[PDB]
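A short write-up of the structure that comes next.
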Amino acid sequence: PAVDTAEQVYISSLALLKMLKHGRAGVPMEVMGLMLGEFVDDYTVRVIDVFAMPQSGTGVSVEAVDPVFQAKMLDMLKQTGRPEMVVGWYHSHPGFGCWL
Amino acid sequence: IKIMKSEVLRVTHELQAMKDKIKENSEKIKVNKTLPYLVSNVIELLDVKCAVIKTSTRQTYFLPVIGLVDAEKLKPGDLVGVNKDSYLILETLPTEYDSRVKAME
């Protein structure tokens, strides 16, 4: 199988506002956070909420995803009414454009 | 006699909670202290607790906070390892002499 070019990632206004806020707070350094949403179907993934990962010396890496922090945040957000799963991650790229 | 049970239980509980919370805070600080430690000098110290740091990259930045060290144990001219990008002081550095100076002896 394969994915199509028509795949649309839906970013809610709250998610974009939170991501921009975290990015503008992070500068000059790079911050990161986990995206909460749903893979509703194959031709689109929807993100509804996003939460910030506390800054770490590792930077933006696998080790920056604090396991205990992520588990606690997911557990506490599930009680509130957001039982979403982690659809991905975001990280700010100060100065240089959006690439990997 | 009530002070035995009540106070000993409460104080040991606070001791343990504060102890593992201190270990968590210290671990967070240690992991956050990214080792590169761009070497810089404190050109002056001024009250708001704030420092003006000239990095080894020949540029001076003002620091809204001192960082992870104590402002009292600092003065103009000391060598401090600031962050690469945040430029915040992470630890003080012992007096470092250039190789030419050591060869001068």
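Each chain in the structure tokens gets a letter, A, B, ..., in the order shown, and its residues are numbered from 1; ligands are numbered from 1 in order too.
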Wanna dump the chain A-chain B contacts at 7 Å for me, each residue with its shortest atom pair and the distance in Å to one decimal, counting only C-alpha atoms, ordered by chain and number, as JSON lines?
```
{"residue": "A:28", "atom": "CA", "partner": "B:85", "partner_atom": "CA", "distance": 6.3}
{"residue": "A:29", "atom": "CA", "partner": "B:85", "partner_atom": "CA", "distance": 6.3}
{"residue": "A:56", "atom": "CA", "partner": "B:32", "partner_atom": "CA", "distance": 4.8}
{"residue": "A:57", "atom": "CA", "partner": "B:32", "partner_atom": "CA", "distance": 4.0}
```
Inset, instruction - Please run DSSP on the backbone and report, as JSON, numbers by chain, all residues within range 17-99 of chain A that come out as alpha helix (DSSP H). - result: {"A": [17, 18, 19, 20, 21, 22, 23, 24, 25, 26, 67, 68, 69, 70, 71, 72, 73, 74, 75, 76, 77, 78, 79, 80]}
Inset, instruction - Calculate how many Å separate CA of residue 41 in chain A from CA of residue 4 in chain A, rounding to one decimal. - result: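 CA of residue 4 in chain A lies 11.9 Å from CA of residue 41 in chain A.
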Inset, instruction - Find the spatial neighbours of range 72-79 of chain A, counting only C-alpha atoms, within a cut-off of 12 Å - ignore same-chain residues fewer than 4 positions away - and output them as a list in words. - result: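 My reading of the contact set: residues 33, 34, 35, 36, 37, 49, 50, 51, 52, 53, 54, 65, 66, 67, 68, 83, 84, 85 and 86 of chain A.
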Legend entry - Backbone-only DSSP, strand (DSSP E) members of chain A, as a PyMOL selection string: chain A and resi 8-11+32-41+44-53+85-91
Legend entry - All residues 10 Å or closer to range 42-46 of chain A, only C-alpha atoms, same chain fewer than 5 positions away omitted, as a ChimeraX atom specification: /A:2-12,35-37,87-88
Restricted to N, CA and C atoms, what would the selected residues look like written as a PDB file, in the first residue's frame?
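This went into result_22.pdb:
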```pdb
ATOM      1  N   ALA A   2       0.210   2.416  -0.005  1.00  0.00           N
ATOM      2  CA  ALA A   2       0.907   3.693   0.011  1.00  0.00           C
ATOM      3  C   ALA A   2      -0.052   4.778   0.476  1.00  0.00           C
ATOM      4  N   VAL A   3       0.508   5.930   0.822  1.00  0.00           N
ATOM      5  CA  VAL A   3      -0.280   7.099   1.190  1.00  0.00           C
ATOM      6  C   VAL A   3      -0.411   7.996  -0.033  1.00  0.00           C
ATOM      7  N   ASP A   4      -1.440   8.838  -0.045  1.00  0.00           N
ATOM      8  CA  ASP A   4      -1.686   9.708  -1.186  1.00  0.00           C
ATOM      9  C   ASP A   4      -1.236  11.137  -0.903  1.00  0.00           C
ATOM     10  N   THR A   5      -1.046  11.911  -1.973  1.00  0.00           N
ATOM     11  CA  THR A   5      -0.720  13.325  -1.825  1.00  0.00           C
ATOM     12  C   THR A   5      -1.902  14.150  -1.344  1.00  0.00           C
ATOM     13  N   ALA A   6      -3.109  13.594  -1.365  1.00  0.00           N
ATOM     14  CA  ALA A   6      -4.297  14.292  -0.899  1.00  0.00           C
ATOM     15  C   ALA A   6      -4.474  14.211   0.608  1.00  0.00           C
ATOM     16  N   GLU A   7      -3.558  13.552   1.314  1.00  0.00           N
ATOM     17  CA  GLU A   7      -3.651  13.473   2.764  1.00  0.00           C
ATOM     18  C   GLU A   7      -3.595  14.867   3.374  1.00  0.00           C
ATOM     19  N   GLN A   8      -4.538  15.144   4.271  1.00  0.00           N
ATOM     20  CA  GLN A   8      -4.679  16.465   4.868  1.00  0.00           C
ATOM     21  C   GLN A   8      -4.565  16.331   6.376  1.00  0.00           C
ATOM     22  N   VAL A   9      -3.565  16.982   6.966  1.00  0.00           N
ATOM     23  CA  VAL A   9      -3.453  17.022   8.421  1.00  0.00           C
ATOM     24  C   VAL A   9      -4.250  18.232   8.903  1.00  0.00           C
ATOM     25  N   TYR A  10      -5.240  17.989   9.759  1.00  0.00           N
ATOM     26  CA  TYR A  10      -6.089  19.062  10.261  1.00  0.00           C
ATOM     27  C   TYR A  10      -5.548  19.564  11.592  1.00  0.00           C
ATOM     28  N   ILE A  11      -5.143  20.829  11.628  1.00  0.00           N
ATOM     29  CA  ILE A  11      -4.675  21.474  12.848  1.00  0.00           C
ATOM     30  C   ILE A  11      -5.768  22.419  13.319  1.00  0.00           C
ATOM     31  N   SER A  12      -6.308  22.154  14.504  1.00  0.00           N
ATOM     32  CA  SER A  12      -7.312  23.036  15.068  1.00  0.00           C
ATOM     33  C   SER A  12      -6.682  24.368  15.457  1.00  0.00           C
ATOM     34  N   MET A  35       1.682  15.956  19.864  1.00  0.00           N
ATOM     35  CA  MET A  35       0.431  16.338  19.226  1.00  0.00           C
ATOM     36  C   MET A  35      -0.645  15.324  19.581  1.00  0.00           C
ATOM     37  N   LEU A  36      -1.788  15.816  20.044  1.00  0.00           N
ATOM     38  CA  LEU A  36      -2.914  14.972  20.417  1.00  0.00           C
ATOM     39  C   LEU A  36      -4.004  15.095  19.362  1.00  0.00           C
ATOM     40  N   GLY A  37      -4.476  13.962  18.865  1.00  0.00           N
ATOM     41  CA  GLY A  37      -5.482  13.987  17.828  1.00  0.00           C
ATOM     42  C   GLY A  37      -6.036  12.612  17.538  1.00  0.00           C
ATOM     43  N   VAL A  87      -0.751  11.645  17.972  1.00  0.00           N
ATOM     44  CA  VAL A  87      -0.670  11.507  16.524  1.00  0.00           C
ATOM     45  C   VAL A  87       0.681  11.940  15.971  1.00  0.00           C
ATOM     46  N   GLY A  88       1.519  12.578  16.776  1.00  0.00           N
ATOM     47  CA  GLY A  88       2.807  13.019  16.288  1.00  0.00           C
ATOM     48  C   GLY A  88       3.441  13.989  17.256  1.00  0.00           C
TER      49      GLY A  88
END
```
Legend entry - Near-residue 39 in chain B list (6 Å; only C-alpha atoms; drop same-chain fewer than 3 positions) as a PyMOL selection string: chain B and resi 56+80-81
Any chance you could export the current selection's N, CA and C atoms as a PDB file, in the first residue's frame?
```
ATOM      1  N   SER B  56      33.004  34.248  24.740  1.00  0.00           N
ATOM      2  CA  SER B  56      34.237  34.070  23.986  1.00  0.00           C
ATOM      3  C   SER B  56      34.053  34.346  22.501  1.00  0.00           C
ATOM      4  N   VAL B  80      32.961  31.943  33.362  1.00  0.00           N
ATOM      5  CA  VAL B  80      31.727  31.206  33.597  1.00  0.00           C
ATOM      6  C   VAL B  80      31.322  30.521  32.302  1.00  0.00           C
ATOM      7  N   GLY B  81      30.840  29.286  32.413  1.00  0.00           N
ATOM      8  CA  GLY B  81      30.344  28.561  31.261  1.00  0.00           C
ATOM      9  C   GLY B  81      28.860  28.763  31.041  1.00  0.00           C
TER      10      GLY B  81
END
```
Legend entry - Pick from B:52, B:45, B:104, B:91 nearest to residue 75 in chain B, counting only C-alpha atoms: B:45
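Taking CA of residue 92 in chain B and CA of residue 69 in chain B as endpoints, the distance between them is 7.1 Å.
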Inset, instruction - Give me the residues within 10 Å of residue 43 in chain B as an MDAnalysis selection string, counting only C-alpha atoms and dropping any in the same chain fewer than 2 places off. - result: chainID B and resid 40:41 45 51:55 60:61 75:79
Since we have the selection now, will you write its residues out, keeping N, CA and C atoms, as a short mmCIF file (atom, residue, chain, number, x, y, z; two decimals), in the first residue's frame?
```cif
data_model
loop_
_atom_site.label_atom_id
_atom_site.label_comp_id
_atom_site.auth_asym_id
_atom_site.auth_seq_id
_atom_site.Cartn_x
_atom_site.Cartn_y
_atom_site.Cartn_z
N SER B 40 32.49 32.18 28.92
CA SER B 40 32.24 33.61 28.89
C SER B 40 32.78 34.25 30.16
N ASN B 41 32.90 35.58 30.12
CA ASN B 41 33.37 36.36 31.24
C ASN B 41 32.30 37.35 31.67
N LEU B 45 28.80 43.23 37.22
CA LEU B 45 27.68 42.72 38.00
C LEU B 45 26.88 43.90 38.51
N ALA B 51 23.59 40.17 35.40
CA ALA B 51 24.97 40.22 34.96
C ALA B 51 25.05 40.55 33.48
N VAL B 52 26.14 41.20 33.10
CA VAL B 52 26.47 41.48 31.70
C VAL B 52 27.64 40.58 31.33
N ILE B 53 27.40 39.65 30.40
CA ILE B 53 28.35 38.60 30.06
C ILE B 53 28.87 38.87 28.65
N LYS B 54 30.19 38.85 28.51
CA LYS B 54 30.85 38.89 27.20
C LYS B 54 31.32 37.47 26.91
N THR B 55 30.74 36.85 25.89
CA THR B 55 31.09 35.49 25.55
C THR B 55 32.44 35.45 24.84
N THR B 60 28.65 40.69 23.87
CA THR B 60 28.21 40.85 25.25
C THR B 60 26.69 40.82 25.32
N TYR B 61 26.16 40.01 26.23
CA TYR B 61 24.72 39.90 26.45
C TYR B 61 24.41 40.22 27.90
N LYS B 75 32.14 38.20 40.45
CA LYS B 75 32.68 39.55 40.34
C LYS B 75 32.99 39.79 38.87
N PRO B 76 33.42 41.00 38.51
CA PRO B 76 33.92 41.20 37.14
C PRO B 76 35.10 40.29 36.85
N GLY B 77 35.13 39.75 35.63
CA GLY B 77 36.29 39.06 35.11
C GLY B 77 36.32 37.56 35.31
N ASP B 78 35.41 36.99 36.10
CA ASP B 78 35.42 35.55 36.32
C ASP B 78 34.97 34.79 35.07
N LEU B 79 35.54 33.59 34.92
CA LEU B 79 35.23 32.72 33.80
C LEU B 79 34.02 31.87 34.17
#
```
Inset, instruction - Quote the spacing between CA of residue 8 in chain B and CA of residue 23 in chain B in Å to one decimal place. - result: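 That distance, rounded to one decimal, is 22.2 Å.
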Inset, instruction - Please identify all polymer residues within 12 Å of residue 47 in chain B, counting only C-alpha atoms, omitting same-chain residues fewer than 3 positions from it, and present them as a ChimeraX atom specification. - result: /B:44,50-52,63-66,71-72
